[PDB]
Structure formats: C-alpha cells, structure tokens
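This report refers to the structure that appears directly beneath it.
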Amino acid sequence: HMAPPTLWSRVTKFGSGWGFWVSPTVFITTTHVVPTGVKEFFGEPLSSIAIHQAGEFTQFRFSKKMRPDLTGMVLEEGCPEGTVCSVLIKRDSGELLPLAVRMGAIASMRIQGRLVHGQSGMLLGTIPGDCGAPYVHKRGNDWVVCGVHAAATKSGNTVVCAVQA
Ligand SMILES: *[C@@H](O)[C@H](CC1=CC=NC1=O)NC(=O)[C@H](CC1CCCCC1)NC(=O)OCc1cccc(Cl)c1
C-alpha cells in the first residue's frame with residue numbers, strides 16, 4: 001500500500017520538524033518541535049487557534065479553513081497494536097522516505113531523563129529533524145493517522161510516536 005500524493009501533501013514543515021493536516025482545520029504535531037515565542041502559526045494569530053497539548057502530542061484547531069482542498073480523515077487515539085504502520089517521513093531535501101513499523105503498546109518510555117507517554121514500534125532509519133511525521137495505515141480504501149514521530153533509539157530499531165490517548 002503506497003501513500004498517494006494528497007496524503008503526502010498533508011505532511012508539512014513546522015518548527016524544527018513536521019506536522020500533519022488531519023482536515024482543513026486540524027493540524028497535529030509533536031510538542032517539542034512547536035516553535036516558541038511566536039505570535040502566529042501559518043499566519044493565524046494564536047488567539048484564533050484552539051491549541052490542545054497532551055505530553056508530546058499537540059493538536060491545533062484553526063478557526064478558518066487552512067487546507068480546504070483536503071477531506072477530513074480519521075485520527076485514531078493510538079495505533080493498532082501488532083499492526084504494520086507507515087511513518088511518512090519527509091526529509092529537508094524533499095526526499096520521501098516511508099518507513100514500515102510494527103507497532104507495540106502504549107506505555108511510558110524513559111527518554112533523556114523524562115518518562116514519555118507514547119507508543120513504541122519496531123522498524124521493519126529516522127534522524128533528527130524527522131519529529132512530527134505521521135504514523136498512518138490504510139483501512140479499506142481510506143488512510144487513517146494514529147500518531148506523530150517523537151523519538152528513536154540509537155540503533156534506530158525502536159521508534160516512539162506521540163498519541164492522542
Ligand atoms: C525528533 O526531534 C527526534 C527524532 C530522533 C532523533 C534520533 N532518532 C530519531 O528518530 N527526537 C528526539 O531527538 C527526541 C527528543 C525528546 C525530547 C523530550 C521528549 C521526548 C523526545 N529524543 C530522542 O529520540 O532521544 C533518543 C532516545 C533515547 C531513549 C529512548 C528513545 Cl526511544 C530515544
């Protein structure tokens with residue numbers, strides 16, 4: 001299953017990483033990539049945005065249609081345990097690098113002194129700059145998003161995505 005162009009067009013450069021347009025008004029990203037000390041995102045003043053943050057998961061709901069070209073898609077509260085998802089990585093060069101990952105359990109991982117709520121997976125590598133890339137899978141004719149990239153071990157074999165749950 002290959003992600004189509006419109007789906008890749010949801011993956012958006014943002015701060016020190018990326019985020020993802022779930023719908024014309026809803027954008028998700030990883031909390032630690034969000035720019036600090038700004039007055040606006042995508043030209044919209046912060047006061048016109050509903051910003052929800054839960055650990056490493058951040059969701060923006062804009063007051064105007066920012067991507068009216070897109071259909072809403074489903075955001076799951078986490079990825080299906082045991083399923084192979086795809087991480088839709090865009091590199092700064094523009095290279096597309098979809099990575100297959102078998103998802104594990106939602107848990108708290110010890111990461112750089114913090115206890116980070118998220119979901120682990122095993123790569124079937126990610127690098128600095130990739131955080132915020134979406135974890136997706138295809139259910140029938142339709143793609144679903146279930147998390148955003150947050151961390152990986154030195155070997156790259158274990159990844160962690162932030163989840164809404
Ligand atoms: C994107 O910012 C990034 C991705 C990354 C670096 C190396 N391989 C990758 O996929 N994330 C980090 O650098 C991440 C940042 C922390 C910040 C505090 C909140 C949690 C995320 N840290 C990271 O990947 O550290 C390495 C690590 C250590 C222990 C366990 C794990 Cl899963 C990762």
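Residue names in the structure tokens use chain letters A, B, ... in the order shown, residue numbers from 1 in each chain, and ligand numbers from 1 in the order shown.
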Exercise. Throw together the list of residues within 9 Å of ligand 1, counting only C-alpha atoms and all ligand atoms, and drop it here as a count of residues only.
Key: 38
Exercise. Would you mind listing what lies within 12 Å of residue 19 in chain A as JSON, numbers by chain, with only C-alpha atoms counted and same-chain residues fewer than 3 positions away left out?
Key: {"A": [8, 9, 10, 11, 12, 13, 14, 15, 16, 22, 26, 27, 28, 29, 30, 31, 32, 33, 34, 35, 41, 42, 57, 58, 59, 60, 88, 89, 90, 129, 130, 131, 132, 133, 134, 135, 145, 147, 148, 149, 150, 162]}
Quiz item: Looking only at the backbone, which of the residues in chain A does DSSP tag as alpha helix (DSSP H), as a PyMOL selection string?
Solution: chain A and resi 5-8
Exercise. Run DSSP on the backbone and give me the residues of range 21-151 of chain A it puts in strand (DSSP E or B), as an MDAnalysis selection string.
Key: chainID A and resid 21 26:30 40:41 44:45 49:54 57:62 74:75 84:90 96:111 114:123 134:139 142:151
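Closest to residue 62 in chain A among A:85, A:46, A:136, A:101 is A:46, based on only C-alpha atoms.
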Exercise. Could you tell me how far CA of residue 3 in chain A lies from CA of residue 87 in chain A, in Å and to one decimal?
Key: 10.3 Å
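Take the candidates A:100, A:123, A:38, A:165 and check each one against residue 78 in chain A using only C-alpha atoms; the shortest distance goes to A:165.
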Self-check item: Nearest to residue 84 in chain A by atom-to-atom distance, counting only C-alpha atoms, from A:51, A:146, A:66, A:106
Solution: A:146
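Closest approach to residue 82 in chain A among A:94, A:69, A:103, A:139: A:103, based on only C-alpha atoms.
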